[PDB]
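There is one chain below, alone, in structure tokens, taken in the form deposited in one PDB entry.
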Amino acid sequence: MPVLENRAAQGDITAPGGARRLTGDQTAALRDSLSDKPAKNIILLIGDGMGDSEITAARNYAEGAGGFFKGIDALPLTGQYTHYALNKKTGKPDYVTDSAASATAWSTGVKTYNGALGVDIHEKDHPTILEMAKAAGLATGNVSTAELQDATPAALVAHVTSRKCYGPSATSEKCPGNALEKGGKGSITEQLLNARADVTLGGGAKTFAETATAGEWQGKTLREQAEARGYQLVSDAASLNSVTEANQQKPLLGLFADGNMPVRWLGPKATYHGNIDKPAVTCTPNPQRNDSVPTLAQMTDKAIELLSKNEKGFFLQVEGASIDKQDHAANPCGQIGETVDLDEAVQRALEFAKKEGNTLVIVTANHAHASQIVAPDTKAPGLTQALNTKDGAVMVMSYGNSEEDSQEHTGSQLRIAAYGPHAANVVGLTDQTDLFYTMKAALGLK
């Protein structure tokens, strides 16, 4: 079906029609974008905290205001979805969700309280789209630049009452009803190991150093357990490139960092009146992102390679995580760099989807975040920074929603876009739980 090849400003920004992104009437192109046929595969790309503001800021900096992101902006069907959480005590809406509650909403189809993973407000477990895809015989992949125990990758495989229950120790004190030695299903990491997705790639190697408190692998570290269970462990780009097959008999687990994988671009933090008092910043590539550390695009590509060998089809979730993290850290360059990172992964996904013809690609965010693009002369109360964009002009970014350093999430609805079979279901206003039902129905899961 047609991908948007170029929606950059067609000419001279200062002349009549020069800033147009369209060259003609779109009715025919959109008609050719609509198909209700079954989706053989689904690739879901999540930008953590990548609301419309974050996409505009990153486009302005990296591609220029009249620029176009060949991945993110190329998806033809667009809509806006809501992502509120629930108050555990009252069952009433809680308008600003955290990563755990939003993640659970699109992976299980039920709203929950902030902090829950894979359970509803009554702490009852609900099956995730990954578990269901596995059950139906599809290949499954879970890729992230964050720790694999963080909310978005974890929600596909774990069901715990608190996102904080990363490994055995944390689970024993914070999630005692889930603690393995108290008869529960285990921590996020133990449940991840039990879930056995075919490809799992990300950081968070640190928690695999913990020893299981109970069960068959009591006393062994979760890394030893993974090896003993038949997992192919990979810890750098060379080893990852050597993997020829990844399947239920030999599942791939790539741990490329102790915590979160390295950020792509470095820059200073935004400061009080940073746009008034400090020079404009040009982001610099991070020397430590390294030739041995696979990029999000490389991990997506390897995952698509391995997963596409399953004739039944696959489900792959890819997360550009440190957008959110750096947005909390009020660091424009880190944030924008990770949106650029995600765009590359979305490009790889779109390329495959174009030629394969039966893949639904969906790009969206879990919740909106704090950054706002403000006028150059803004005298703001929070943190600000002036950035030198691709256009050679200054763009100021403001983070003004918290005094407690981390700039919070916000409740605004945001863009969801798709390409492929059943993509129509993201157009107009939808809710994050509708995404679960769209993916389930597209894939023919029951």
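All residue numbers are counted from 1 along the displayed sequence.
Once the C-alpha B-factors are averaged per stretch, 306-314 and 136-144 rank with 306-314 first. Looking at 251-259 and 149-157 together, the entry lists the larger mean B-factor for 251-259, computed on C-alpha atoms.
Taking the deposited Cα B-factors for 400, 421, 411, 51, the highest one is held by 400.
The entry assigns its greatest Cα B factor, within the set 173, 125, 341, 319, to 173. Residue 230: CA B factor lies in the highest third for its chain, per the PDB record. Among all modelled residues in this chain, the alpha-carbon of residue 118 has a temperature factor (C-alpha) in the middle third. Among the modelled residues of its chain, residue 202 has a C-alpha B-factor that falls in the lowest third according to the deposited record. Ranked within its chain, residue 131 lands in the middle third, by CA B factor from the PDB record. Annotation for residue 372: CA B-factor lies in the lowest third of the chain's modelled residues.
One more form of this protein exists, namely the form solved in complex with a partner chain; it is left out here, but the text below deals with it.
For the options 196, 174, 354, 229, the residue carrying a heavy atom within 4.5 angstroms of its partner chain in the entry with it bound is 174.
Note on the partner interface in the entry with it bound: the residue among 225, 114, 364, 347 having a heavy atom within 4.5 angstroms of its partner chain is 114. Its partner chain in the entry with it bound comes within 4.5 Å of no heavy atom belonging to residue 301. At a distance threshold of 4.5 angstroms between non-hydrogen atoms, residue 161 is in contact with its partner chain in the entry with it bound. Interface residue remark: residue 325 is counted as part of the site for its partner chain in the entry with it bound, having a heavy atom within 4.5 Å.
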